[PDB]
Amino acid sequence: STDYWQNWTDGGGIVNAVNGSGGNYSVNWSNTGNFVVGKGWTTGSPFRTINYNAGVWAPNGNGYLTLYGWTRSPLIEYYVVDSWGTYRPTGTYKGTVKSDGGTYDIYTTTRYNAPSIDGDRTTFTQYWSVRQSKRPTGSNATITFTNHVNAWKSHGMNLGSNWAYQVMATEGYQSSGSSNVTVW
């Protein structure tokens, strides 16, 4: 069961986000700038298995349906992207990993003097696993986070020892869309 509610907007356009019952949330948006909404856990774990069902996945423009989280020591921002809208997110290619029936490209990016959970102007690395093709939604789905962590480990991408939030997120930008996700 989830204990955390991520809900950030830069205030552009309309973002109606609903904190639903238990692990359920929905987002309806139009003409946005940028937002991140998700349910998960206050303290992420590298051994978590994240189950979710995206009843609705309806972006018109950019948006990611993605595991999203942070660690400290060191500071790391991470993403496991299952589906997206118009454009697929990429970066510096590092390798691949098969997990949960899909195959994912692995990317890093360095973020300089940028916002983090720790501060305004902060330097850190970003880890991505991005599914090579959009993952079906509407059915019960699993993200075995360990598979990613391990593949990331093998390409010199180590996560921190202090774990912060870890959510199944809807990220949207310069777009409109709907999302309905149930997490556990």
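Numbers follow the displayed sequence, beginning with 1.
Per-stretch averaging of Cα B factors for 64-72 and 151-159 places 151-159 on top. Listed residues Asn24, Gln166, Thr170, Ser176 were ranked by CA B-factor as deposited; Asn24 comes out on top.
Among the modelled residues of the chain, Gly20 sits in the highest third by CA temperature factor in this PDB entry.
Ranked within its chain, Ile117 lands in the middle third, by CA B factor from the PDB record. Per the deposited record, the Cα B-factor of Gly38 falls in the middle third when ranked against the other modelled residues of its chain. Sorting the modelled residues of the chain by their CA temperature factor places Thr90 in the middle third. Ranked within its chain, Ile106 lands in the middle third, by CA B factor from the PDB record.
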